[PDB]
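# can't give you the sequence, but here's the structure:
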RNA sequence: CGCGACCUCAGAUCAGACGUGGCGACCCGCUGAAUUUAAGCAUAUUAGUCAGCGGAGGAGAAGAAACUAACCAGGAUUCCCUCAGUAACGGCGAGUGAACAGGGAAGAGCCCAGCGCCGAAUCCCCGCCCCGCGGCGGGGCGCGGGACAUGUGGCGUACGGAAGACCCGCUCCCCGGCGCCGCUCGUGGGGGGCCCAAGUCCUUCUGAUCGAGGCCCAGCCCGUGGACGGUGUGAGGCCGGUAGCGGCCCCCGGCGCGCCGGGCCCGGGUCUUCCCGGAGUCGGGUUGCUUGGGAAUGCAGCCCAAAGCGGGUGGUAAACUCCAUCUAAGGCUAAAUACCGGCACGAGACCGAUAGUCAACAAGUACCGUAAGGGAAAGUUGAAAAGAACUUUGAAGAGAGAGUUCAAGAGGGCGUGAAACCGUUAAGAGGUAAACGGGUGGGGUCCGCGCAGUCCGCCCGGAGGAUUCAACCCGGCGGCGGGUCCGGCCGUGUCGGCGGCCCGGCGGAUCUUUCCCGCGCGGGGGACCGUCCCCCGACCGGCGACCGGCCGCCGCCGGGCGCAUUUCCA
RNA sequence: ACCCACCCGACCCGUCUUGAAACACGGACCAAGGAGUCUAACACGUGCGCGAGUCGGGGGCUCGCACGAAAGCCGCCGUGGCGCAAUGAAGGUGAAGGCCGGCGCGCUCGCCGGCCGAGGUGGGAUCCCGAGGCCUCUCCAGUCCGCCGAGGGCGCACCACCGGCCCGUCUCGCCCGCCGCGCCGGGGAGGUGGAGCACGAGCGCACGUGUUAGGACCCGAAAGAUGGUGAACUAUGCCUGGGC
RNA sequence: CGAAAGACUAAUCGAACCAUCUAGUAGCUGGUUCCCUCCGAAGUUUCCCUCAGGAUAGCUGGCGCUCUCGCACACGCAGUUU
RNA sequence: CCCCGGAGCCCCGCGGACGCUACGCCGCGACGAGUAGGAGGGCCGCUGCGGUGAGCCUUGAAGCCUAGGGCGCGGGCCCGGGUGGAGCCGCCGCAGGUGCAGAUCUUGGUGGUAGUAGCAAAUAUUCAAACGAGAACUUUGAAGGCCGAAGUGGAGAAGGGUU
RNA sequence: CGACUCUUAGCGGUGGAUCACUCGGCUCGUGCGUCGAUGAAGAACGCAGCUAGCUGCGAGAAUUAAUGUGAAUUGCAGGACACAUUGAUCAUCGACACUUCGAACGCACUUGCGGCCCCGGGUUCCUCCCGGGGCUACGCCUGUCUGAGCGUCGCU
Ligand SMILES: [Mg+2]
Ligand SMILES: [Mg+2]
Ligand SMILES: [Mg+2]
Ligand SMILES: [Mg+2]
Ligand SMILES: [Mg+2]
Ligand SMILES: [Mg+2]
Ligand SMILES: [Mg+2]
Ligand SMILES: [Mg+2]
Ligand SMILES: [Mg+2]
Ligand SMILES: [Mg+2]
Ligand SMILES: [Mg+2]
Ligand SMILES: [Mg+2]
Ligand SMILES: [Mg+2]
Ligand SMILES: [Mg+2]
Ligand SMILES: [Mg+2]
Ligand SMILES: [Mg+2]
Ligand SMILES: [Mg+2]
Ligand SMILES: [Mg+2]
Ligand SMILES: [Mg+2]
Ligand SMILES: [Mg+2]
Ligand SMILES: [Mg+2]
Ligand SMILES: [Mg+2]
Ligand SMILES: [Mg+2]
Ligand SMILES: [Mg+2]
Ligand SMILES: [Mg+2]
Ligand SMILES: [Mg+2]
Ligand SMILES: [Mg+2]
Ligand SMILES: [Mg+2]
Ligand SMILES: [Mg+2]
Ligand SMILES: [Mg+2]
Ligand SMILES: [Mg+2]
Ligand SMILES: [Mg+2]
Ligand SMILES: [Mg+2]
Ligand SMILES: [Mg+2]
Ligand SMILES: [Mg+2]
Ligand SMILES: [Mg+2]
Ligand SMILES: [Mg+2]
Ligand SMILES: [Mg+2]
Ligand SMILES: [Mg+2]
Ligand SMILES: [Mg+2]
Ligand SMILES: [Mg+2]
Ligand SMILES: [Mg+2]
Ligand SMILES: [Mg+2]
Ligand SMILES: [Mg+2]
Ligand SMILES: [Mg+2]
Ligand SMILES: [Mg+2]
Ligand SMILES: [Mg+2]
Ligand SMILES: [Mg+2]
Ligand SMILES: [Mg+2]
Ligand SMILES: [Mg+2]
Ligand SMILES: [Mg+2]
Ligand SMILES: [Mg+2]
Ligand SMILES: [Mg+2]
Ligand SMILES: [Mg+2]
Ligand SMILES: [Mg+2]
Ligand SMILES: [Mg+2]
């Protein structure tokens, strides 16, 4: 809010003794606004309580190493179709979920080419859905240039723009990310981890260089490895009915004395 | 009031700080602006190093920084004299000259000299007209490069 | 999307720019399309409509095939009045119902030197687009 | 008793110039509180801050050391990070509070006075001619005037300079014009103009559709264009736009070439001989302010008042003594930096008419106050005025009909139309004010039934009808699972190849300059070590990491199986 | 859930208050608005990333920013902060000890070789060993699997305690060192001060709660300051007219 | 300004009015906005230009941690008593 | 002295819920006053952003009304009918100018008071006629009255600003 | 049953909450970064066929010219124009124009007095009279002219 807001009067509070209510009141006149109360956050006119400042701490910051961890997590659950399906991405007829395309796609220069590529990969249903989602936003956003809203559709991770990003552009839903410049906000929208992705061989081969194996640095991000896992065999069903564990357990008391 | 254990602390919010708070919503813009102007300085000074002028090796002062080495303001007069450069010309071939620098130690003196010797070597002085006189370098080293040097010229490695 | 950073997308700023647009700009705004017979011939999509271009209404109540002559354009009100597109008041006197150029279609232009040249411009810059795309 | 020089000083509606006020976000120069805090209060603090006055510019101010340091030393100002909430100050309380060094943005340096040399070599102004002329300029020519020796101009200024001899090497820089060529980064600099994709397709709701269903591949078309807005609802494809190293037209800049007119005979080193610096300024006292600056950080008034191997500084006063380090008392300087005022743009996790600016509207308006000054309220018919013709009652306001509208249960302060409050209609009640908690009962209101609700679902038995199969084999397809790990792909741990090692890269304070290249160092080889890859054999976890056969089992399709089977139906 | 009936119960809320139905204050009614915020700084807790590190700023490199004033990257990656060292006003100093064998007279002192290498006591989650059983359809033999385990061990973390080390200081002592033999330098033993050491736990971000500094939960003085506007009323002086 | 009453100075006077410093300061009055669940006080300590306020302990809550054994196989602790 | 792809089962070690959102589900006990104050959980609630419901909406969104039907201990919510006429919501996260009975609170609106208090300073009105929809009040005539030339008469200054 | 009162609902009012709109704000950012004696800012008074205010303009007064645009403006009138023509209307804006106060400038603030040059009527330069035009501020700079002084000197 403006600093001034509310202090553009000369309101002296009438003292006590004139009945009334000890607010600062608009000095003088034969206007309507003539002893109406001012300043106080209760008062019409008045001044909002603890006004908003610019120097509120809007921006926040995050360790580099975490951001990277985040982006890994995200890329990992771009695989794992369950998650991607749970994030909604209609990915039923897609062929192999780290979904990589020849790099003639790098240099398409027309939408039509792009759209036909999606239909051949069977991603087109995601778009189809994006289209369908396109509907009006509810509330004051409307009056603030956030009037239409829709899904997020497939990402397309390209190694270099040889045209491509022009081709996939009007197709609603789609994003493009350079690999060498990934982004969480787009890989994991809403901070929801699954995302349907379409990689391009060149980009996809560049991942191991960008983030490293476990037994090699990034070799591109200075000094960086992928994170470690805290428990290896995530699938504990297999663990629990292993030999070695179920050998050594007391037997299950499961009768119920009521 | 204080309340049981924790830094007594004097914070300086007694004058009208709110009148004079400085917010950094500029910054990004300003990173952009400066950069543009930077790029435009390069494109102006076509083949000259964008960096600017060659600057000399120099030790920092004080028992602390002592051991580290920096860039200087410009090469001192002894150092030009010895390398065989006229002081008013040095400004014109991309050589920073400060004149206020004393030169105490013979070692630094010869280091900087060795820079200027090095520099003049790896310099591609264009001629005044396209019609070539002396000094101005050969049409070979001119066609093969009217090329800049991005980054400080002869970078000062400690 | 748009990309040009000197243009708006800004409900309010567009609307002001439309509602407080001046007449020579409202010429461009109150443009209407050419029926497919003309569209073929002149190789033009659309033309700023004018005082006596014959016209078919396409949408609304008056929606029909009845090729009326435009009577008058009321650029103040963004609206054109058309030969027989009218309704009786309570006292009998007829009144032209305002139709909005975009829900109309031009069936016969009122060609003069200037208009002819415009359609010659639009064809030209179209075919340059087609030659560039080829 | 004149005339003449100059000097100091007047007057002019003398000729031509210029300053005057404003705006004031940012900047510079003064001036300068008190609320406040210290739980009182006086120094301190608030604060060199508000208010006051002055003066600026697109920036200002600053700035080319009388600097820092004390190091192996750095090298104008500004700005950011850091230093540092530190050194320091402070009723050593509350509170205050920098600086160098280090890393960054940017980066640019200079000119006088003096000391000297040059016939004043300089300047301003008048008048004629040629060019040029909307930022009054160039060339020529005048015994045309003045300024100037009480000192103009070139050279030169502390980084040293001047003048001499002979060592060397050689001779392009500027401006006033006039042309002409390449339209010169948001990917054609700036401004302006005008143009450029694709459905109103088929049914169907609707008052009206931009809706809904469909359209040779989610359907047709475009899509470097699916931003936005408009259009009788919700629109990529109706219109404007949007996109695009897209088009044309103007106008303007900026740089490239040519010609003319002028100016301009403009170096460096080496040895000799000369030359060298800002006074009521420094410095001391002092008082007052000021500072973090503490026996005085700065700035002042007054008194005193210098020097030249001097002068200043060297964060504890003073003397002696070495070192260091600058050169004060004259001046100019872009650049990073600032910007709640202005012109013009974009954007927002902001506000949504008691909000948001006082102000969405004829608002700094109405109105108030003598005046300074104060200072509101106030948005919304409908898609379209189609804003209710006409009859009728009434002096009219008002109605009654009629009509427009999808709607006037939208009728010109008219969207929605809450509550408080009132009028009426209906129902119920009524001497302990009303209202309330718990417990029932009576009545009302609607809701659910039932014109049996006897509610379903298995399995079974029986009596009636019903088609086709289960069971069984045969053919095909698919799935699961499995071991012989059988054959092959696949990968973990180990061992063998020292095999990738140079046909495997990176790293290393491991070495070697026997190497190479560039100048004891830099780069590249070359060794060494660490780390990552090929080849086969063997053992083992045979791991959801897969194929192929084979086996076993499941399911599906199609054959046959005609009725003690098989489902259906009652 | 609407009305009505009756029995029983039943004082009007808000607030300060030892005590409110009060002859305490606020409140006729209704609508909308209306009060613990934000920045900074600490503290402790908690979540994440990394770990003797950590760190991002500030800057820079990548684009006309549609989304980007983002995101990514940097021998700047670390100038620098904070941490890895303390103590003393300062000059300054600055965290190890043991054993064994030998040489100096083992002198609980001085100098030379070898081995171990953060000390010890009590308690300590946990781990390890485990006599022994307890059966098996027979009499014994007898490997395998357990169940428990009397008893004994290594013992995290933390606590109590003892020694030990560094800095300051005292006491008392006797030796050693050299380019400078000195108002030099270095040690020892014993007390005592320290926000110490004694095989590291920090850094970055986020959330919370607390405590301040800020308008600082909202509203409230009497005052204080700066700079202006008024003598049309009124107070007095003067000028020029009127009146009784 | 006052033949003086602290009178008068534009309904204002023991210091006019207007605007700004200013959202001045307040140990003092007043208010301080949804539900359930759980635990649940103090009005005493010492110091205070302290006595309508703070500090400090006390009382409250929250967060935990280290251990303990009803898993036939327990040590410590108490508004008691002997 | 035999195998569960079959002992037939009160126990089954061959495979295992109808059950198992392991932030789930199940079983035993004991317990339950609360200002100031603290803490927990809210599938309580309000506005906006990232995600997400192939969500809802002119065949009717929001809002408003409701002697309709229900849920929830509650905060609150879901349904039915009406009105209205354009937008809105569930879930997972993020953000906050997020919940009112009071503050002699601010603004606006409304009651009771109440058809009440009041329309009582300066002696005074009456008769006829006109106009007119309409006359206690307008105008005309008559009568009775007053101000009583220091005026309720005629004229100016200041002030007003078209009266 | 009656009147009144209270309660509830239905319909009417009262009032304008709610919701939904938004040519307005508020915030952050970018680029320029320009006033004035050649009369600024601001003030006043004027100007439309019908116009009060707002806005826009200056006695050429809702605007002239010029360029670009290419048929309107529109509340009603009335008109023009040949929209095969410098051409409606818009926009731009380079030319032209810009009443009175105001730093405000002849002196005064009454709109009150003036001075001096030039023109037309008025004369027949006869001054008057009227009307018009141009000058008439302060401070300051360079030059010019005219001067001042028992200021310092020179020759007579
Ligand atoms: Mg407000
Ligand atoms: Mg809403
Ligand atoms: Mg640089
Ligand atoms: Mg005080
Ligand atoms: Mg106090
Ligand atoms: Mg006091
Ligand atoms: Mg001060
Ligand atoms: Mg000021
Ligand atoms: Mg000025
Ligand atoms: Mg300057
Ligand atoms: Mg200087
Ligand atoms: Mg620090
Ligand atoms: Mg201070
Ligand atoms: Mg000279
Ligand atoms: Mg189009
Ligand atoms: Mg629309
Ligand atoms: Mg659209
Ligand atoms: Mg002071
Ligand atoms: Mg000293
Ligand atoms: Mg200067
Ligand atoms: Mg409003
Ligand atoms: Mg309103
Ligand atoms: Mg308002
Ligand atoms: Mg509203
Ligand atoms: Mg409307
Ligand atoms: Mg309304
Ligand atoms: Mg309706
Ligand atoms: Mg309506
Ligand atoms: Mg209405
Ligand atoms: Mg009623
Ligand atoms: Mg009744
Ligand atoms: Mg009491
Ligand atoms: Mg009582
Ligand atoms: Mg009270
Ligand atoms: Mg009361
Ligand atoms: Mg409210
Ligand atoms: Mg923590
Ligand atoms: Mg604390
Ligand atoms: Mg307050
Ligand atoms: Mg606070
Ligand atoms: Mg106050
Ligand atoms: Mg005082
Ligand atoms: Mg008190
Ligand atoms: Mg508890
Ligand atoms: Mg309890
Ligand atoms: Mg009290
Ligand atoms: Mg309880
Ligand atoms: Mg509408
Ligand atoms: Mg908000
Ligand atoms: Mg209320
Ligand atoms: Mg009465
Ligand atoms: Mg009388
Ligand atoms: Mg009279
Ligand atoms: Mg009279
Ligand atoms: Mg309204
Ligand atoms: Mg209103």
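Sure thing, it's come through. Numbers count the residues shown, from 1 in each chain, chains lettered A, B, ... in the order given. Ligands and ions are numbered 1, 2, ... in the order given.
# quick one: the closest residue to chain C within the stretch 101-250 of chain A from residue B:10, how far?
Minimum separation of the stretch 101-250 of chain A from chain C (C-beta to the nearest C-beta) falls at residue A:145, amounting to 5.9 Å. From N, CA and C alone the C-beta is placed, and that goes for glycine too. For residue A:145, the distance to residue B:10 equals 47 Å [C-beta to C-beta, to the nearest Å].
# what do you get for residue C:69?
87 Å.
# next: residue C:63.
Note on residue C:63: its distance to residue B:10, by C-beta to C-beta, is 80 Å.
# which one of these two is surrounded by more residues?
Per other C-beta atoms under 10 Å in any protein chain shown, whichever of residue C:63 and residue B:10 has more neighbours is residue C:63, with 13 against 6.
# what strand or helix carries the more buried one?
Assigned by DSSP states H and E, residue C:63 belongs to no helix or strand.
# and it, how far from RNA strand G?
17 Å (C-beta to the nearest atom of the strand, to the nearest Å).
# quick one, what contacts the nearest residue to that residue once chain neighbours are set aside?
Excluding its sequence neighbours, the residue lying closest to residue C:63 (C-beta to C-beta, 6 or more residues apart in numbering or on different chains) is residue C:57, at 5.6 Å. Residue C:57 makes contacts with C:63-64, C:66, C:68, C:82, C:85, C:99, C:103-104, as judged by C-beta atoms under 8 Å, 6 or more residues apart in numbering or on different chains.
# next: residue A:209.
Residue A:209 touches A:218-220, counting by C-beta under 8 Å, 6+ apart.
# three-state assignment of residue B:70?
Under the three-state scheme (DSSP: H, G, I helix; E, B strand; the rest coil), residue B:70 adopts strand.
# so how far is residue B:101 from it?
Counting by C-beta to C-beta, the gap from residue B:70 to residue B:101 is 13 Å.
# so between these two, which is more surrounded?
More neighbours surround residue B:101 than the other of residue B:70 and residue B:101, with 19 against 13 (other C-beta under 10 Å).
# quick one: what helix or strand has that one in it?
Short version, using DSSP H and E: residue B:101 is in no helix or strand.
# check contacts around the residue nearest to it when sequence neighbours are not counted.
In space, and not counting its chain neighbours, residue B:101 is closest to residue B:76: 3.7 Å by C-beta to C-beta, 6+ apart. Residue B:76 sits next to B:56, B:97-99, B:101-103, B:112 when contact means C-beta under 8 Å, 6+ apart.
# from those, which two are the most distant?
Across the contacts of residue B:76, the longest distance by C-beta to C-beta is 14.4 Å; it joins B:97 and B:102.
# who has more neighbours out of these two?
Counted by other C-beta under 10 Å, residue B:97 and residue B:102 do not tie: residue B:97 has more neighbours, with 21 against 8.
# quick check: the gap between that one and residue A:152.
Counting by C-beta to C-beta, the gap from residue B:97 to residue A:152 is 59 Å.
# residue A:258 now?
Between residue A:258 and residue A:152 the distance is 53 Å, computed by C-beta to C-beta.
# these two: who's more crowded?
Ranked by neighbour count (other C-beta under 10 Å), residue A:258 and residue A:152 place residue A:152 first, with 20 against 3.
# returning to that earlier point: return the closest of the contacts of residue C:57 with respect to residue C:38.
The nearest one, if we look at the contacts of residue C:57 relative to residue C:38 and count by C-beta to C-beta, is residue C:104, at 13.4 Å.
# for the closest one, give me its contacts.
C:32, C:49, C:55-58, C:80, C:82.
# how about the helices of chain C, start to end?
For chain C, the helices defined by DSSP state H cover C:11-19, C:23-29, C:36-42, C:113-133.
# looking at those helices, which is closest to residue A:164?
Proximity to residue A:164 (C-beta to C-beta) singles out helix C:113-133 among these, at 19.3 Å.
# that closest one vs chain A: in contact?
No: applying C-beta under 8 Å from any C-beta of the partner chain, one finds helix C:113-133 separated from chain A by no less than 10.2 Å.
# which positions in that helix come out as buried?
Neighbour counts over helix C:113-133 (16 or more other C-beta atoms under 10 Å in any protein chain shown) mark C:119, C:122 as buried.
# what residues does chain B put near chain A?
Near chain A, when you scan chain B using C-beta under 8 Å from any C-beta, you find B:21, B:23, B:25.
# restrict the residues you listed to those near RNA strand H?
B:23, B:25 (C-beta under 7 Å from any atom of the strand).
# what about whichever residue of the stretch 51-200 of chain A sits closest to RNA strand F, neighbour count?
The minimum distance from the stretch 51-200 of chain A to RNA strand F, using C-beta to the nearest atom of the strand, falls at residue A:51 (5.3 Å). Neighbourhood size, residue A:51 [other C-beta under 10 Å]: 12.
# check contacts around it.
Counted by C-beta under 8 Å, 6+ apart, residue A:51 has contacts A:1, A:3, A:5.
# so residue C:14 sits against residue C:7, correct?
No: counting by C-beta atoms under 8 Å, residue C:7 is not a contact partner of residue C:14; they are 9.6 Å apart.
# any residue of stretch A:153-167 up close to RNA strand D?
Yes: counting by C-beta under 7 Å from any atom of the strand, RNA strand D is contacted by stretch A:153-167 at A:163, A:166-167.
# and what of stretch C:45-53?
Yes: interface with RNA strand D: stretch C:45-53 contributes C:45-46, C:48 (C-beta under 7 Å from any atom of the strand).
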